[PDB]
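Novice: Residue numbers (our numbering): 284 to 325.
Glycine residues also receive a C-beta, built at the ideal position from the N, C-alpha and C atoms.
Before I ask anything, here is the structure I am working with.
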Ligand SMILES: [Zn+2]
């Protein structure tokens, strides 16, 4: 939640309100909102 959108908004996050100029990128970010699945860490 911080104002600072650069470049064209090709893919925006319909959860927090972020923007990504790469479909894949956006998907990688949305992971924070959803439950991921990987190795144990932290
Ligand atoms: Zn988001």
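Is residue 301 near ligand 1, judged by its Cβ being under 7 Å from some heavy atom?
Specialist: yes
Novice: Rounded to the nearest angstrom, what separates residue 332 and residue 325 at their Cα positions?
Specialist: Lying before the first or after the last residue shown, residue 332 is absent from the chain, which here runs from 284 to 325.
Novice: With a threshold of 7 Å, establish whether the CB of residue 308 neighbours any heavy atom of ligand 1.
Specialist: no
Novice: At which residues does the alpha helix (DSSP H) containing residue 292 begin and terminate?
Specialist: It is not in any alpha helix (DSSP H) - residue 292 carries neither H nor E in the DSSP assignment.
Novice: Compute the Euclidean distance between the alpha carbons of residue 289 and residue 300, then round it to the nearest angstrom.
Specialist: Here the C-alpha atom of residue 289 lies approximately 13 Å from the C-alpha atom of residue 300.
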